[PDB]
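Take a look at the structure set out below.
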Number of protein chains: 2
Amino acid sequence: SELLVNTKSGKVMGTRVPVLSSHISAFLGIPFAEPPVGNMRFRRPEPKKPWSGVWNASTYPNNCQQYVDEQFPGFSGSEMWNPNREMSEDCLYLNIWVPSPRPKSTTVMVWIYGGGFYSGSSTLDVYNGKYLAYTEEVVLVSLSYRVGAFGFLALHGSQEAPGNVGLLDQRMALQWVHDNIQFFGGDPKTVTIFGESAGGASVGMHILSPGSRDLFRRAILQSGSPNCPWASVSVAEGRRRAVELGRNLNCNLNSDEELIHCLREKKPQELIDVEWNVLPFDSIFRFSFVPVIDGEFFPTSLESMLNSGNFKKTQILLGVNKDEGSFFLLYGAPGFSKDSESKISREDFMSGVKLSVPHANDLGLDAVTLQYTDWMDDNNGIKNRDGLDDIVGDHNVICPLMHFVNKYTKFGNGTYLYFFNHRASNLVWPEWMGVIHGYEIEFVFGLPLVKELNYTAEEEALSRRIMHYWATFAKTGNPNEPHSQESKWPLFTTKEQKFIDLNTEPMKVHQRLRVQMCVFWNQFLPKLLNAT
Amino acid sequence: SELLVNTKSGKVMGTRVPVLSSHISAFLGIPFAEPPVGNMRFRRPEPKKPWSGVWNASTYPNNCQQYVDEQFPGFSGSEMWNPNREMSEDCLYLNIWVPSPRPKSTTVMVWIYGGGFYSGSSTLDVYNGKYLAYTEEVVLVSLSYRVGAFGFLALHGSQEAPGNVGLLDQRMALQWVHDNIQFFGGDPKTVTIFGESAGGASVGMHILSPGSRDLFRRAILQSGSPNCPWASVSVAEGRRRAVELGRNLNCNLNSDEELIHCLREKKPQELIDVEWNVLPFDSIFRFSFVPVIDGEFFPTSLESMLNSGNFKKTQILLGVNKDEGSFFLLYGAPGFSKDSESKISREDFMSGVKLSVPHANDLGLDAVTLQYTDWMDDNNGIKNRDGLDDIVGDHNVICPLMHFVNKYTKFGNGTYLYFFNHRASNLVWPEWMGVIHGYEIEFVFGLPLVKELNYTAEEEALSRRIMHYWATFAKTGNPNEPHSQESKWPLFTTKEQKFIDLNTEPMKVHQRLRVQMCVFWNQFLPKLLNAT
Ligand SMILES: O/N=C/c1nc(CCCCNc2c3c(nc4ccccc24)CCCC3)ccc1O
Ligand SMILES: O/N=C/c1nc(CCCCNc2c3c(nc4ccccc24)CCCC3)ccc1O
Ligand SMILES: *[C@@H]1O[C@H](CO)[C@@H](O)[C@H](O)[C@H]1NC(C)=O
Ligand SMILES: *[C@@H]1O[C@H](CO)[C@@H](O)[C@H](O)[C@H]1NC(C)=O
Ligand SMILES: *[C@@H]1O[C@H](CO)[C@@H](O)[C@H](O)[C@H]1NC(C)=O
Ligand SMILES: *[C@@H]1O[C@H](CO)[C@@H](O)[C@H](O)[C@H]1NC(C)=O
Ligand SMILES: *[C@@H]1O[C@H](CO)[C@@H](O)[C@H](O)[C@H]1NC(C)=O
Ligand SMILES: *[C@@H]1O[C@H](CO)[C@@H](O)[C@H](O)[C@H]1NC(C)=O
Ligand SMILES: [Cl-]
Ligand SMILES: [Cl-]
Ligand SMILES: [Cl-]
Ligand SMILES: [Cl-]
Ligand SMILES: [Cl-]
Ligand SMILES: [Cl-]
Ligand SMILES: [Cl-]
Ligand SMILES: [Cl-]
Ligand SMILES: [Cl-]
Ligand SMILES: [Cl-]
């Protein structure tokens, strides 16, 4: 039977699931590690001990213990991102959708979810791999990993809480795919890791980390890259936040051993309730427990690794959405609301600017203001709103990614860059937020192919295109079909820097994605701050 | 007879001249000072001693001793600016065109020529006042003043060469108009001074200088303002250049008295031949002998006078041409030629930038480059050319003037701002130079009204408009006619900052003339240099 599979750790029994008037096989909730519970909290993951009998892999597993967004209770725009299963520290599981009948050896894609390293779930409806596996004849894995303090509490020099264990979670899932995916009809030689935002930064991190490079063939990054300002902290800052967590929880702070014993003594929700309190003064665009530049997982600084070519050299496919700052402003910047147009005074604009670069001196603040003000009229509320939105997205997502794209292309074996600027017709978030970060994912997983979802027919075509770009890139390292007849997505080169738009209109090619702004953030503003 | 006039210094006999199928009276070459010759070289002007008999005022006088441009021998574009009369140190004369028959009391306009304080003549064909006097029923004066070392050698603390004597030349001409213009049918209560570039800066200077304010009613500035970087030097720099002149000429440099005695001993052309040698290292956009901030003519620094309201408060009408940097680049920047399109490499662009701000540190150079580069393609020769042209014009003319406009409007009694962006159809200078500095003057003097000149009929209309704007402003302090029916030129206010385009198309109103760039030059780049 095609729903039974022997793996190096035991038999698993999957379930037959329907998809677009057909059916495929799904293996939900396969364990890939020992449950990181008890005195294993904070520790590096251990592999799942082998089990006798058959593992019931017919239903989704628990989500990891995380913060849950309650800003807009009952609102679908926010709750579609929350855990839809019971939360638990026993959460290290993966899911697999296998085409029917079981292929002999086909391309594998491993999804890494985002959520700022403080949240995320492999079981969300937008991450349901059955449409992609079915439409494109791939094996679709989605892994899970510890978020929050549970996965990124960094007390460097200790071995009970070294940091980065959530990335080690992802690595173990990749090791598991390498060792077992053959039995599910997946080709372990042709594994593409892809992920969005925090998962995009994660993919990039795996490309950099020597201990991860041999576990996958190529990589896709969506709206995230490892050098993003929110995606890592220094060893000193991670230790400061870990101590600050213990102070919030009446923990003996004398030794790492005693700090950690107290943190292990706590219930999961106690850690979560206080985790935003360890942030520095400027915290509106930051997350508490993120990967740490530890000299182990990352041998040196990310920038020196990028400069010296110290990273896996393969093909990469990556891009951004038009409006990457909108959620940051809505959730954290005073003056933005879900239900207003969020027009911004000249006064409110200056504050946003200050918030955006809180360590800039007066000269740096003036530089950002000069760069993003419409001087033909200062007090246009919509212009001020759009300008602040551009600041936040450029500085936290787009220009980090562009920096990563440029450094990587000097050494890699093929870069493909995209700019996704189509707002879904059925988007429930307000109009001012635009082409929102995260709202290309539904196209990548083929949600528009489902009629009930209320997408337009041109949105079904786009999704079909994007799924085919993605899966063709995964199979061959080029998103374009061999000598087909549609518009070709050109290689991103150092001298020409071409990229494409992804939207419902016919594809056109452009060059130099937001280069003026990225030159400001990546080259100019650093030099100005290092000189005052 | 209407060609004879008694003045406080003697009788003058003018000549009848034809103009546009009519005739007016012209009084050419009236002396307003003692000839500044011999041991009067460098000295403040003395008034013309009264003469017996009748002064033959039928022919143009001598031009002052100046550098003569020979870059393009026989080329009309350059030679129309050179002295068209014999040069002489005996040059302090003025010219008057009086409508026929002689009015009883009509508006007076006094032209101050430009030429960077090193050159210029009141007798050029583009400065012929007969079309303006005739068409608009004004009395047209054009004065003259010592240029070069003869008018601006500044040895502060001495009384033999204090500096600014060329501005004192202009002041004496204004004093003469105040005292005598009544006899020519001009209204001494309604005198408008106007001038272009160096003469525009001169007009502004008269507005600032307490000893000049009572000699005129209102003022017009074209492509020049007193705070322009090329328009004044400090007392220390003027003394340095005066000594450096003596070093070039084998002069005893022990005392001011001996330095000056040697300089007086020289022939005029000896001073001219060496005058560009006293410039500092960065000299391509500078002129050797310019007005000096001396504590006398200018009580304090120009900027403090502008801040504190220390200046004559009246109506002003001023503006710029679209392409103010073109002559600077053609004559001084390597890579520009009269007969090529002057496309500029990326390499040549950086040099221009360096030349433009030679004292900027590396950070300042990057700031200008970021501000003016087209980053969508760096190596477009036409873009690089236009960008450098914009840099030079913004920094040396447009943004100084805009700074002057903003400070003045806070205290004055009415500002009118214009942007002249029509390239004359018959312009002999190359196309890449654009709407060139200086090529609105022919429109202000009504040259297009003369058919032989080969202007289009729409250029005749524009000239008619501009002459009427100018002369109506001179008569009433508002360029617009009382409740007429054409488009009104709105007042420039601090909050709205409206200006008009002047061209052959119907007039439209805009706001905030090059405010982004002017904010860069006037506010941002200063703060950045004061901080490194
Ligand atoms: O961005 N919203 C910011 C934000 N929220 C809240 C409400 C949720 C409670 C804390 N929750 C979050 C915090 C922060 N960042 C978050 C990002 C996503 C979800 C919750 C966050 C940063 C500062 C500390 C708290 C309060 C203040 C905020 O400043
Ligand atoms: O701008 N041309 C610049 C320029 N010319 C020449 C040829 C004319 C001789 C000097 N003559 C002028 C100079 C300068 N500025 C001038 C401006 C107008 C007319 C003559 C000038 C500045 C530097 C010293 C010489 C040589 C070098 C130049 O660098
Ligand atoms: C697997 O678990 C689900 C939910 O507990 C249950 O309904 C299902 O019958 C189980 N399947 C097997 C084969 O035990
Ligand atoms: C990728 O690598 C192969 C060699 O393995 C090389 O021939 C090819 O040109 C490379 N492509 C790019 C875009 O670097
Ligand atoms: C689709 O649209 C209908 C309105 O016709 C609405 O009732 C339904 O809830 C929508 N479905 C989704 C999934 O939004
Ligand atoms: C004035 O001078 C000119 C030129 O020298 C001469 O031709 C003219 O006749 C003179 N006029 C009188 C009235 O002397
Ligand atoms: C100019 O001054 C008069 C008073 O003399 C005043 O009434 C008028 O409003 C002023 N106009 C401007 C534009 O300042
Ligand atoms: C006007 O154009 C004619 C050509 O028809 C030319 O010969 C003449 O010199 C031009 N006149 C001027 C003043 O440029
Ligand atoms: Cl086996
Ligand atoms: Cl379905
Ligand atoms: Cl390497
Ligand atoms: Cl900052
Ligand atoms: Cl970069
Ligand atoms: Cl008299
Ligand atoms: Cl004529
Ligand atoms: Cl005053
Ligand atoms: Cl400089
Ligand atoms: Cl200003």
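Because only heavy atoms are used, hydrogens play no part in the values below, and waters and symmetry mates are left out as well, while side chains stay in. Read the numbers this way: they start at 1 and go in the same order the structure lists the ligands and their atoms. Lettering follows sequence order; numbering is per chain, from 1.
Aromatic pair A:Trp470/A:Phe443: centroids not less than 6.0 angstrom apart. A:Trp432 has its ring centre less than 6.0 Å from the ring centre of A:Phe336. Separation of the A:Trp276 and A:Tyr118 ring centroids falls under the 6.0 Å cut-off.
Closest to atom 17 (C) of ligand 1, if we only count protein heavy atoms, is A:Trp276 CH2, 3.8 Å. Nearest protein heavy-atom contact of atom 9 (C) of ligand 1 is A:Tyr67 OH, 3.8 Å. Considering only non-hydrogen protein atoms, atom 4 (C) of ligand 1 sits nearest to A:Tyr331 O, 3.8 Å. The nearest protein atom to atom 29 (O) of ligand 1, hydrogens excluded, is given as A:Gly332 CA, 4.5 Å; this is a heavy-atom distance.
At a 4.0 Å cut-off, not a single heavy atom of A:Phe285 sits close enough to ligand 1 to count as contact. At least one heavy atom of A:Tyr118 sits closer than 4.0 Å to an atom of ligand 1.
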Report the C-alpha separation of A:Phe328 and A:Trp230 in whole Å, then their side-chain angles, then the decisive distance to 0.1 Å, and conclude whether the ring-ring contact (aromatic ring centres under 6.0 Å, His included) test is met. CA-CA 12 Å; A:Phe328 276 119; A:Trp230 48 269; 7.4 Å; no
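Per-atom contact check: atom 6 (C) of ligand 1 does not touch the protein, criterion being a heavy-atom distance below 4.0 Å.
One option in A:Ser119, A:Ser283, A:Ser78 has a heavy atom closer to atom 23 (C) of ligand 1 than any other, and that option is A:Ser283.
Between A:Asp389 and A:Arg385 there is no salt bridge, since none of the side-chain N atoms of the basic residue sits less than 4.0 Å from a carboxylate O of the acidic one. B:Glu244 and B:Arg241 are not joined by a salt bridge, as no carboxylate oxygen comes within less than 4.0 angstrom of a charged side-chain nitrogen.
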